[PDB]
Structure formats: structure tokens, C-alpha cells
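So this first bit is one chain, no partners, the form deposited in one PDB entry, shown in C-alpha cells.
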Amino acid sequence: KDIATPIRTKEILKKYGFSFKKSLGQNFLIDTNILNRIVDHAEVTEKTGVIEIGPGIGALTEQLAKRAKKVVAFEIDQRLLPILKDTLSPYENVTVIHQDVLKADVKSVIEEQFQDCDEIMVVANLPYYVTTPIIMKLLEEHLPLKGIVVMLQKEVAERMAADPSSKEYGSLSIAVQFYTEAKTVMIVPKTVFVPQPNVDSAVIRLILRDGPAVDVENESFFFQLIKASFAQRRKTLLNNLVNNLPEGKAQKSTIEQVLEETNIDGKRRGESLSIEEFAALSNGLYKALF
């Protein structure tokens, strides 16, 4: 049987369950069809190089290996790596890196690992608390990736893919869509996981854009500005800028003046700004504040 079946996963966890500490939000996929559907949505073929993050006991890694040219899995826990040497032993095209993807130089790994591939995808099942930090880290690294297809919490996907008119729109939406075209593609039933989460979760497809969605002087300042602006959503933009930028209180009157100079009423709520406005605002504030 495949790793992604309830009988095989149960057996592996029974054999090796005392050999690793269960972590925050850790689960194990036990439905082969769902995985292959996710792999369909990622468009993985014989020429695709796939990066997986957090391979678990190999469930998804296995389905990827059967379809991709090659699979590189990041795993921080050596105890889990020891388990994959059992569960992934049939697959030559799987290379496991004992490294935290957040600390990794992913561009070199890709050069090192994917020479015989035509396109690189990220495909991974991510626990809530690392979802946003991993995705932004990867996107800020400007990697030569076609796309990222990730299993995550439904609300997080919805936020990432939100369009400007919808209620889910926030700083996360803007940050992800700066880099990518984002769409939530499946709702995954709770029953494909061990242990089982309380609710259905989701899969998000992020296709990387040819270049940035808007023109900014400093990407990092732009993302800090967005974050600062949405911190207390219902309060005014000016108020948010004052209390959430380290420059806020020290340079209030400059901030006021940059809003005036860019024709953006600081009495408006942060959520009312388009991405084009936030861009123009970041550029003005970056030049005036540093």
C-alpha cells in the first residue's frame, strides 16, 4: 500500500511513534486520491522539479516522486528523516535536505538540485503557524519558481486569495498578490488527515507573476506599511501609521504631510486603500522617513 492510506500510515506511526516528538499542527495525509488531485492542480509532470516542505512520514512526497522529475524535501527533524529512509526507500528521485526552509538559501539548493528540470513548483502541506512566514519568505527570495501549491487552513487561503471588494481582503492578500496570482482551488475534508482537524481545510495555488504587481522603491517598507495600516482595521490610516511604525510617533507631522502630498486622506480606514495607493504611499513615506 502507499504511505497515504489509513492502514499504512497507522503502521508507520505505531513503529516509529516514540522516535519523534509531535509538533504544533503536525498531521499525516491518508488519502491518495486527494493528493493526486492536489498534484494535478500543481501541474506536476516528468519534467517538473518539486520542492516539498515538511514531508511528515512521506505521504505527499511519495505521490510527487511518482510523477515529478525530482523532489527536494526540507525537513528540520532528523528523527523524521530517519523515518523517510524507510518509507521513501523506493524513490531515487527524492533528496531530503536537513534544513529549515526559513533559513535556507533556496536559490542555491535549486541550482544544485534541479539542473535536469524545466520548471520548479513548491507543493506542501503546511501547519498554520508557519504558513505565512514560509510563503512570504519564499516569495521575498525572488526564486525562479513557476508556482506554489499549498495545503493550509481555509481562512488563510481565503485571505491570501481575497479580491479587494471582499471582506477577507487584508495585508496578507496584498502581500501575496504583489508577487502572485492567487486562487483557492479545493476544500480538503478533515478526514484525509491523521490526526483529524475540526474543520475542512484548503489548497491554494499561487502562480508567480512576470514582475511586481505595483512599482515600489522598497519592497520591505511596502510590506511593513501594509501591515501597519491593517493592524487596527476599523481605525484611521493615520492612527495606524502613528502607532505601528517605529517612525510613527517621532515623525507624525511628516507622515501627515506625506498623506497630504499624496492626496490620501488619513481619516480613511486602512482597508480602503487600493494596492496602487499603498504603493504611492510607501514611496512617499520611504523617501521622507529615512
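Start at 1 with the first residue shown and count on from there. Residues that one form lacks are left out of the comparison. Under this definition, the rigid core comprises the largest set of C-alpha atoms superposing within 1.5 Å between the forms.
There is another form of this protein, the form deposited in another entry, and it is not shown here; the text below is about that form.
Asks: So, superposing on the core, is the move of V199 at the CA at least 2 angstroms between this form and the one not shown?
Replies: Yes, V199 moves 2 Å or more.
Asks: Answer yes if the Cα of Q78 shifts by 2 angstroms or more between this form and the one not shown on a rigid-core superposition, and no otherwise.
Replies: Yes, the C-alpha position differs by at least 2 Å between this form and the one not shown.
Asks: What stretches, three or more residues long, have all their C-alphas moved by 2 Å or more between this form and the one not shown when the rigid core is held in place?
Replies: Runs shifting 2 Å or more: 77 to 83, 198 to 200, 216 to 290.
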